[PDB]
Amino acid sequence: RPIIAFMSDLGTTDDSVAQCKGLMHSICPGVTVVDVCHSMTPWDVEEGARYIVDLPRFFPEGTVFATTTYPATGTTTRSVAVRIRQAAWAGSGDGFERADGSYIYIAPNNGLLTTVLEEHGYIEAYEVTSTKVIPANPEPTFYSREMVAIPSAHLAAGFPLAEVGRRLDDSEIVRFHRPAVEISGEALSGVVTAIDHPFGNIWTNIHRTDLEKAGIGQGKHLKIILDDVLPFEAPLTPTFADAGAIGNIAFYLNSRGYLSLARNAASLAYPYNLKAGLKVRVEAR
């Protein structure tokens, strides 16, 4: 039962995604295509990375991840196809253990896989050039279809990964550089990485382990200032309801393990026009 999990910037308003799915079913009969999302901000490689970095442990072994925003479409660039190592457990009971090397990502070689590779490691990476799995005459503006969707379907059908093209050195895989959290005492500086739609919760790049280094744990009183102006105060709690009344401010670690801000069953970011990229300062005593 092959599965392709599909994340793109192709949108939800025309036939772009369906063209890809038709070909996926053409190449791999009985494939199941699971949509991640197709509404990421176009060409925002760091935003796309967030939508795909923690997928593996949720999916059956052998799942292929087709992940793409392709602003360099039509150029001599070629996609990269990678077998990751550690799935890094979700599910009922104690969850579902996944064996190493059980997932393949295929994407533009433009940094999209940066955090996937950082968190999971990888066993082998190849550039995708073989006309066995890509068109001999690719549509210049549609590499998300030609260089990702189509070869992802061959990989799901069991095309041997090592035959898609030559093996890449680690230096040939493009990566983006994320801003580091800055820690001084129990005072941390970071950024808003995302507005958690559709709730308007606010996600930061400050991880649980950053909090731990600052001696911040559950129940610690925090002050969080956004963009050096807008202040919030709350204890660190497991979840939204811990803020008490509807509308109250909660500080919590999100399901990804990162410090987040929210109103309890109300939207925090939207009424204040808050967006990703704002500076975050965290203070505890």
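Numbers for residues come from their place in the sequence shown, where the first is 1.
**Study point:** Missing residues, deposited sequence, between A88 and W89 (class: none, 1 to 3, 4 to 9, 10 or more)
**Key:** Gap size class: 4 to 9 residues without coordinates, per the record.
Would you mind comparing 162-170 and 108-116 for me and telling me which has the higher average C-alpha temperature factor in the entry?
On average, C-alpha B-factors are higher across 162-170.
message: Quick check: 66-74 versus 225-233, which has the larger average CA B-factor in the record?
response: So the stretch with the higher mean C-alpha B-factor is 225-233.
- Query: Looking at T129, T141, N137, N201, which has the biggest Cα B factor in the entry?
  - Reply: Reading the PDB entry, the winner on C-alpha B-factor is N137.
Whose CA atom has the top B-factor in the entry, of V80, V192, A187, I150? The listed residue with the largest C-alpha B-factor is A187.
_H38 - which third its CA temperature factor falls in, relative to the rest of the chain_ = Answer is middle: the recorded C-alpha B-factor places it there.
Item to complete: For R256, return the chain-relative third of its C-alpha B-factor as stated in the PDB record: lowest, middle or highest.
Response: CA B-factor rank for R256: highest third.
Chain third (lowest, middle, highest) by recorded CA B-factor, residue given as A5 = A5: CA B-factor falls in the middle third of its chain.
Worksheet entry | Third assignment of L268 from its chain's C-alpha B-factors | Middle third.
Exercise. Please rank the C-alpha B-factors of the chain's modelled residues and tell me whether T209 sits in the lowest, middle or highest third.
Key: Highest third.
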